Amino acid sequence: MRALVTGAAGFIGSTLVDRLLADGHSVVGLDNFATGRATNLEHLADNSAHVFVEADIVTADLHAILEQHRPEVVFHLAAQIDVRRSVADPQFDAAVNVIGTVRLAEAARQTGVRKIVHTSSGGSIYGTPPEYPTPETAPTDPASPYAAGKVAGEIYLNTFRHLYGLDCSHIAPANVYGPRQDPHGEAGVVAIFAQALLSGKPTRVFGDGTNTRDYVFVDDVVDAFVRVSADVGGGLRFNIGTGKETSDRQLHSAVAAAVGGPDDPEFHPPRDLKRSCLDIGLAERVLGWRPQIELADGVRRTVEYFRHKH
Amino acid sequence: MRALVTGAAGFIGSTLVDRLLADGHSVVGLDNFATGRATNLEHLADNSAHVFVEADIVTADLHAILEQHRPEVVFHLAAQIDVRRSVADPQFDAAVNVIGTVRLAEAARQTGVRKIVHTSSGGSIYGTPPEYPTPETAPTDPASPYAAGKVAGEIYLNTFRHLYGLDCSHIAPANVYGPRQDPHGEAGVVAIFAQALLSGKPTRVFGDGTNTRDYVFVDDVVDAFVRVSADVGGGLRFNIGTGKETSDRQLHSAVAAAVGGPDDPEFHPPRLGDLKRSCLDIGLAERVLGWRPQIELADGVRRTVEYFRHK
Ligand SMILES: NC(=O)c1ccc[n+]([C@@H]2O[C@H](COP(=O)([O-])OP(=O)(O)OC[C@H]3O[C@@H](n4cnc5c(N)ncnc54)[C@H](O)[C@@H]3O)[C@@H](O)[C@H]2O)c1
Ligand SMILES: NC(=O)c1ccc[n+]([C@@H]2O[C@H](COP(=O)([O-])OP(=O)(O)OC[C@H]3O[C@@H](n4cnc5c(N)ncnc54)[C@H](O)[C@@H]3O)[C@@H](O)[C@H]2O)c1
C-alpha cells in the first residue's frame with residue numbers, strides 16, 4: 001500500500017515507518033521536528049520507497065500534500081505529547097492535537113484516503129476508572145488537557161467516518177518504551193532510567209514508588225498499527241498494552257538489572273495517576289493482536305540501545 | 001451575582017442577559033458580532049447594570065477581561081452554530097467551539113470564576129440515539145463537525161473541573177426558537193419561516209419535511225441557564241427541551257397558520273450532517289433543577305411571528 005505517517009521523525013513514528021517499509025509498503029513521513037529527531041530517520045536517506053515531508057499539521061497545506069502522495073492509509077502519530085506542557089499551555093496542546101487532527105481528516109476525506117489510524121492515549125483517557133485492567137467500554141474521564149484532546153480527536157474522526165465514510169480506528173497505547181525513545185518527560189521513564197543508570201547519574205522515583213503503569217514494547221505497538229490499518233474495527237478504539245501493572249519501583253529494578261550496578265533510586269515528593277492497566281481482549285478478538293515482549297526482556301533490548309548511544 | 005455572558009449579542013445570549021439583569025445581577029456581555037447583532041442589545045444603552053465587551057473568544061485576552069470583571073459565573077453561549085458551515089469548514093468550527101472554550105476555561109481558572117455554564121447541543125450530540133426521548137445517559141455519537149466540537153467542549157470543561165475545581169454544567173438545548181432568532185440563519189426555521197411568510201417570500205425545507213425536532217421556547221431555555229448557575233449539577237449535562245417531536249413540515253404549517261396565507265414550502269436536497277429525529281428526555285432537569293418548559297409551541301410561534309411583524 002501507499003502509507004503516510006505523521007510524527008514520522010518521532011519514537012513510535014520512525015519505528016512504524018521502518019516496519020511499513022519492511023512489509024514492502026511505500027511510506028511518506030511527515031513531521032515538523034517539534035519533538036522528533038533527524039537521527040530517527042537518517043538511515044533511510046537512500047531508500048527510494050521512503051519520502052519525507054517537513055510540515056506542521058496545524059498550518060501546512062495538508063490537502064496539497066495528500067493530493068500529491070495519495071496515501072491509502074494515514075497513520076496519525078503527530079501530537080503534542082507532554083502532559084505537563086498541556087497543563088501549562090492547553091491552547092497549544094489543543095491546536096496540535098485537536099485542530100491538527102481535524103485539518104488532517106478534512107484533507108484525507110477529499111483526497112481518496114481509505115483510512116486514518118489515530119493515536120489516542122490508553123494511559124490517560126480513562127482518568128481513574130473502577131475497572132483494572134480497563135476495557136474500551138469504560139467511560140473516558142480525562143484529567144489533563146492532553147488526555148481531553150486525544151478523546152476529542154477520536155470523536156472528530158468518528159464524525160468524519162459518519163459524514164464521508166472515511167474509515168478510522170484509534171490505537172490507544174499504554175506506556176510505550178524501547179529504542180529511540182527520548183530520555184525526557186514522564187513518558188520516557190524507561191529511557192530516563194536507562195540513560196542515567198548507564199551514566200551512573202542519580203535517578204528519581206517521584207513518590208513512594210507504588211504507582212503503576214502498563215509497559216508495552218514499541219514493536220508490539222507498531223504491529224497493532226499495521227493490523228488495524230485494514231478494513232477492520234471501524235470507529236473503534238483498541239487498547240494496546242500488556243494488561244500487567246508495574247510499579248515505578250519495580251521498573252527501576254528491571255532497568256537496574258539490565259544495566260547492572262546499584263538499584264538505589266532517590267525518593268522525591270509526589271508529582272498524577274496512581275494506576276494504569278489496559279484490558280487488551282478486544283485487540284486479540286478483533287485484530288488477532290497479542291504483545292510479544294515482556295518487561296524484563298523489553299528493558300534489556302532498550303538498555304542495549306542506550307548502551308551504544310552512551 | 002457578577003455574570004459574564006459570551007455570545008451576548010446573539011439570540012439566546014441577549015435573552016439571557018435580559019433575564020439576568022431582571023433578576024438584579026451585574027452582567028458583562030461579550031461578543032465579536034460574528035452572527036450576533038448590536039440591535040439585540042441596543043435597548044440596554046442606558047442600563048446601568050450592564051457593560052458590553054467586543055472580543056473574539058479565539059483571539060482576545062480573556063485572562064485580562066476576566067481579571068477586570070471577576071465574574072462568578074460565565075455563561076458560555078459564544079459559538080459557530082451553523083451545521084452546514086461546520087461541514088464546509090470544520091477547522092474554523094473547531095477553532096471557535098473547542099479552542100475558544102479551552103481559552104475561556106484557562107482564563108477562568110486563573111481568575112477565580114466559580115462556574116462555567118457551557119452550551120452543548122441536545123439536538124445533535126447524540127447523533128442517532130438508541131431511544132426517543134433521549135436521556136443524558138445515552139452515548140454521544142456526533143455526526144457533524146458542529147456536534148463533535150460541542151461534545152469536545154463538554155469534555156475539556158469536565159477536565160478543567162478535575163484539574164482546578166473550576167465548576168461546570170452543560171446546558172444541552174433542543175431546537176430553540178423565539179424573538180431575536182436570526183431569520184437568515186440555517187436551521188432556526190421558526191424565524192426563517194416567520195420572516196419569509198410575513199414578507200410573502202419563498203420558504204424551504206431540506207429533505208422531505210419528515211425530520212423531527214424538539215421545539216423549546218427561548219425564555220424556558222434561559223430559565224434553565226439561571227437555575228443551573230448555582231452549586232448544582234457539577235460536571236453534568238442537562239437536556240433542555242419539551243420531549244415533543246415536530247416535523248419540519250408540521251413546523252412550517254404551524255407558522256403559516258399563525259401568519260395566514262399559503263402553506264407550501266419548497267423541498268430541497270437534504271443537508272450533510274442532519275439527523276432524522278430529535279427528542280429530549282427532560283426528567284433530569286425537572287428532578288435536579290426543578291426546571292419545566294412553560295411555553296407550548298403554538299403560543300411560542302405566535303410570540304415569534306409578532307416579533308418579526310413589528311421588526
Ligand atoms: N510514548 C508513549 O508512551 C505514548 C503512549 C500513548 C500515546 N502516545 C502517542 O503516540 C504518538 C507518538 O508519540 P511518541 O512517544 O513517538 O513521541 P515523539 O515526540 O517521539 O513523537 C511525536 C512526533 O510528532 C511530531 N509532531 C508534533 N507536533 C507536530 C506538528 N504540529 N506537526 C507535525 N509533526 C508534529 C514530533 O516532532 C514528533 O516527531 C503521539 O500521538 C503520542 O501522543 C505515546
Ligand atoms: N438556537 C438553537 O436552537 C440552539 C440549540 C442548541 C444549542 N445552541 C447553542 O446556543 C448558543 C447560542 O446560539 P444562538 O442560537 O443564540 O445563535 P447566535 O448566532 O444568535 O448566537 C451565537 C453568538 O456567539 C457569537 N460568537 C460567535 N463566535 C464568537 C467568537 N469567536 N467570539 C465571540 N463571540 C462569538 C455570535 O456573534 C453570536 O452573537 C450557541 O452555543 C449554540 O451552539 C443553540
Side-chain angles (χ1 to χ4, degrees), chain A residues 6-16 30-37 40 54-60 76-82 95-97 100 118-124 146 149-150 153 171-178 180-182 184-185 187-188 213 215-216 218 221 240, chain B residues 6-16 30-37 40 54-60 76-82 95-97 99-100 118-124 146 149-150 153 171-178 180-182 185 187-188 213 215-216 218 221 240:
Chain A
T6 76
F11 161 50
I12 308 175
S14 68
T15 310
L16 177 58
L30 178 156
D31 213 285
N32 73 339
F33 301 94
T35 53
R37 306 197 56 198
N40 283 341
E54 193 189 13
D56 180 348
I57 66 175
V58 180
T59 58
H76 180 46
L77 284 84
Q80 197 297 112
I81 55 78
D82 189 78
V96 178
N97 298 358
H118 180 43
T119 316
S120 189
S121 173
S124 65
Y146 168 79
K150 286 305 199 167
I171 294 294
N175 281 57
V176 189
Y177 70 99
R180 283 183 196 161
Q181 188 167 51
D182 198 41
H184 219 103
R213 295 295 186 268
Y215 294 97
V216 59
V218 61
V221 180
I240 299 300
Chain B
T6 77
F11 154 52
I12 310 177
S14 64
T15 316
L16 178 55
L30 185 152
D31 213 292
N32 72 341
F33 300 112
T35 51
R37 302 206 57 235
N40 284 336
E54 191 174 335
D56 182 343
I57 62 168
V58 178
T59 68
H76 181 46
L77 279 74
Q80 197 300 114
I81 75 140
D82 184 332
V96 178
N97 297 3
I99 297 291
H118 186 43
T119 319
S120 187
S121 166
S124 74
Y146 167 76
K150 287 304 192 173
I171 296 287
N175 246 38
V176 190
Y177 75 96
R180 294 179 187 165
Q181 189 161 42
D182 187 3
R213 302 290 179 267
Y215 289 89
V216 56
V218 66
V221 176
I240 300 307

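When reading the values below, keep in mind they use all heavy atoms of this one structure, side chains included, and skip hydrogens, waters and symmetry mates. Numbered from 1 within each chain, the chains take letters A, B, ... in sequence-line order. Ligands are counted one by one from 1 in listed order, and the atoms in each one are counted from 1 as well.
Between the side chain of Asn40(B) and the main chain of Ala9(B), a donor-acceptor pair closer than 3.5 Å is present.
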Mind listing the N or O contacts between ligand 2 and protein, cut-off under 3.5 Å?
residue	atom	partner	partner atom	Å
ligand 2	3 (O)	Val176(B)	N	2.9
ligand 2	16 (O)	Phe11(B)	N	3.3
ligand 2	16 (O)	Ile12(B)	N	2.9
ligand 2	19 (O)	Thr35(B)	OG1	2.7
ligand 2	20 (O)	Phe11(B)	N	2.8
ligand 2	31 (N)	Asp56(B)	OD1	2.9
ligand 2	32 (N)	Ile57(B)	N	3.0
ligand 2	34 (N)	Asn32(B)	OD1	3.3
ligand 2	37 (O)	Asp31(B)	OD1	2.6
ligand 2	37 (O)	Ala34(B)	N	2.9
ligand 2	37 (O)	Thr35(B)	N	2.9
ligand 2	37 (O)	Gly36(B)	N	2.9
ligand 2	39 (O)	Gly10(B)	N	3.0
ligand 2	39 (O)	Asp31(B)	OD1	3.2
ligand 2	39 (O)	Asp31(B)	OD2	2.6
ligand 2	39 (O)	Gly36(B)	N	3.3
ligand 2	41 (O)	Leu77(B)	O	3.1
ligand 2	41 (O)	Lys150(B)	NZ	2.8
ligand 2	43 (O)	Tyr146(B)	OH	2.7
ligand 2	43 (O)	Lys150(B)	NZ	3.2

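For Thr15(A), the side-chain contact (heavy atoms from CB on, under 4.5 Å) partners two or more places apart in sequence, or in a different chain, are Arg180(A), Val218(A), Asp219(A), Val222(A).
The shortest distance between side-chain heavy atoms of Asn97(A) and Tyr146(A) falls below 4.5 Å. When side chains are defined from C-beta on, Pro173(A) counts as touching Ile171(A), because their heavy atoms get closer than 4.5 Å.
One finds the CZ atom of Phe33(B) at 12.5 Å from the CG atom of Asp56(B) (value rounded to the nearest 0.5 Å).
Ring planes of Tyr177(B) and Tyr215(B): perpendicular class, angle over 60° (limits at 30 and 60°).
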